[PDB]
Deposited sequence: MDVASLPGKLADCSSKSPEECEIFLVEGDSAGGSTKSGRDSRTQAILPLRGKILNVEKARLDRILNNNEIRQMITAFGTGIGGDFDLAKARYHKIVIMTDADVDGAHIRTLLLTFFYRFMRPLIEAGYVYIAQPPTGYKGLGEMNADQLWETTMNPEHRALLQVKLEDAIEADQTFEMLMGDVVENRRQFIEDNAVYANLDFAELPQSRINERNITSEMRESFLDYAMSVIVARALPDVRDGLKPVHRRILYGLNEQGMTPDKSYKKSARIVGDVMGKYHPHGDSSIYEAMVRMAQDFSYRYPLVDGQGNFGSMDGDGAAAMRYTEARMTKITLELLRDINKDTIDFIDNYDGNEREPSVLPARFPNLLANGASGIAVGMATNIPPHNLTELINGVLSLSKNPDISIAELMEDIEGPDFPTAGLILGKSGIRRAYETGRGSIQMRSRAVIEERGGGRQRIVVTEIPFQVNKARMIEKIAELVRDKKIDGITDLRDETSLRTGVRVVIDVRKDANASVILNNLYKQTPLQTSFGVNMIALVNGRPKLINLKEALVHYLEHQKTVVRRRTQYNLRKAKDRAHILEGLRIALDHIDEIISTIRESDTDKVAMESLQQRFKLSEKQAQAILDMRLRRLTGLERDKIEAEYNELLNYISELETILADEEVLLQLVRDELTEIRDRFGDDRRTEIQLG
């Protein structure tokens, strides 16, 4: 019913185009030749049939619609002669997700409709380079470039080696992660088409993009691109804590247009989590309005909420405009965006990260800011510090939701190797409720556990009689009292046994599996605690050194200008005479340069000077600024002359941040 067929009933001259969604589909339908060309719009990512059970595959709506459209049936019953189109054309967006969707479609054609490929019926379209998605093209341009048999370039998909192609679909699309990961590491780098070559190149294109530009944080600032773009967007709009909140829909529309060419919900939902004090150990966004709850209620629609940077986020963006980090071109070349943030606090470890990539994933727990900075300071004084010594500063993860960690052994393994299992428990106590009866009271729950869902789980166990001795279950949580979950215990039953059982059978006890993978030098890397801290500290040294160099050039440039102004003030009569005698700006400029040994920049500055600069207060200000400047330049040079002084400055600034933003440990690590 989503299919827009062509009028001809002769398959030999008929072509069906497969496109990503209705955005693309509408340009496609308007621009086509309705006589011979059909359009079937799909719905974004389609089922990977290499990983799915067969009944699921047969019951999936997108899959059925293709089968019905092609008309050949599937597997054993496939009948090539019954095909309704001799050309099946894959026309996804010319981007990395476009590529993924193509690997998913080919995988379906190969496993289920193979003769179709063998017959040479499957092609790949080749839309132009410039556009965002096909939804961004005018129908006429899409017709000429991509669908016009006269000018289009199609690739026909050719099946050459079928042993090789089976091995290929299994490797890329199959359920064994390791083989796929190996394939990516090995190949990762910075009109007839063999189906194996198309899968390998298209999948690597997608997989690479997800690893380096989506799902993994950078080790230096702890951010993924969508977060870095959000925060940079708030900086560039002047959405500072002192400044008022800006509506979220404007922030999101802004980020979308300038830096992040993806769907609005991905951006808004990333921003929302950054504002949740139950998600971020040190929240990066300050939100006004409904930003979700521990119960998994979603945030209010973006038209209603407002947001701005938290104060600690200013520390992430500090000195970004002092040539501290490298800018790069944005997605369409009309803007510039930061490659990384200055990150004056160790954000990766402080807020942690979780991302599902391709071939790999990352799980990094959050940490206490005071402990992390103290760890960085200990490292700065001792490059050969061991993990055990570092743990004297950093006890373990510190969750925003507090709770308990059981033992140091999982933490120790994770810090040493980057992988460990950490056991988390809710904070629970047994107390009397009167009448000789007792209750269990939970005041803190494990990190990332949905409270309401945890309670549902307990209720279901009680209902199914899978747990004994619970008379009542209520959520007494309130803004005023904090989290409070009350489990009433049957009189004379052992509450401690019931609690132990709750730990065994519900998320009241949950584990955090540490998998510390981050982008180091543009590549994913499993890193230990020390390595994550070493990368953070080198970054801070580079940022501070660069800021100091930038500030020196700027101060020197400004001093240069002020010397010219001071010269002008010393010979103001002569300066005025020279300018009056000149016919043009260009002559005056040359004459000032010749007569007073001034640079072009100095002369330009003098010619720009307003007459009010001539008053007593203004002359003094020019002289006062120059004298202030000379001292500043001397201070900057001192820092750059001595690596130790530079390093000390890094330590001092970290320390300042520690004292301003460092807070108490929340999570209790129990021996």
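Which ranges of the deposited chain go unmodelled, in order along the sequence?
In the chain as deposited, 1 to 7, 198 to 210, 692 carry no coordinates.
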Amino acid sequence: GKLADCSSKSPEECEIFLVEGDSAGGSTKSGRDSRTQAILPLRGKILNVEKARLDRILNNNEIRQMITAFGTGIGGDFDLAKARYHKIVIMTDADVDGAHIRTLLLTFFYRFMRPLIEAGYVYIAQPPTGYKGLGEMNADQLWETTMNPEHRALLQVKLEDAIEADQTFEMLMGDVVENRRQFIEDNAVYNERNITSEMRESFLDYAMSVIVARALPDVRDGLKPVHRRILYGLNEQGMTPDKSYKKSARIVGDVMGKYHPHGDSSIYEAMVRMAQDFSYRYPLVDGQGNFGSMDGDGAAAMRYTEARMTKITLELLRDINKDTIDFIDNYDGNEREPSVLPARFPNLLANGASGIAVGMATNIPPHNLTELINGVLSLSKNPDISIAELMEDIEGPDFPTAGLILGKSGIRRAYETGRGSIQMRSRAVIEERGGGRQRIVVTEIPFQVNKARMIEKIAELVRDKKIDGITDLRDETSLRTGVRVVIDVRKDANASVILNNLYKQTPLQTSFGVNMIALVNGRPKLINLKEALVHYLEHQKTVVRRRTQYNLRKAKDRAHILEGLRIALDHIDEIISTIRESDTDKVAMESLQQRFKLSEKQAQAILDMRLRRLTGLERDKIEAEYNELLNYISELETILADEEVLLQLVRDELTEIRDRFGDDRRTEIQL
From here on, numbers count along this sequence of modelled residues.
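349 to 357 set against 88 to 96, stretch whose average Cα temperature factor tops the other in the entry:
Going by the record's values, the stretch with the higher mean is 88 to 96.
Read off the CA B-factors in the entry, average them over 114 to 122 and over 225 to 233, and name the higher stretch.
It is 114 to 122.
Go through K158, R413, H262, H539 one by one and give the residue whose Cα B-factor in the PDB entry is largest.
In the PDB entry, the greatest C-alpha B-factor among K158, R413, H262, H539 is found at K158.
By the CA temperature factor listed in this entry, which of these ranks top: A603, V645, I633, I57?
So the option with the highest C-alpha B-factor is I57.
Ranked by Cα temperature factor within the chain, is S10 in the lowest third, the middle third or the highest third?
It falls in the top third of the chain.
Could you say whether, by C-alpha temperature factor, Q182 belongs to the lowest, middle or highest third of its chain?
According to the entry, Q182 has a C-alpha B-factor in the chain's highest third.
By the recorded C-alpha temperature factor, relative to the other modelled residues in its chain, which third is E20 in?
According to the entry, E20 has a C-alpha B-factor in the chain's highest third.
Chain-wide C-alpha B factor ranking for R220, given as lowest, middle or highest third:
Its C-alpha B-factor, which the entry lists for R220, ranks in the middle third among residues of this chain.
Give the position of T510 by CA B-factor within its chain, expressed as the lowest, middle or highest third.
Tercile = lowest for this residue's CA B-factor.
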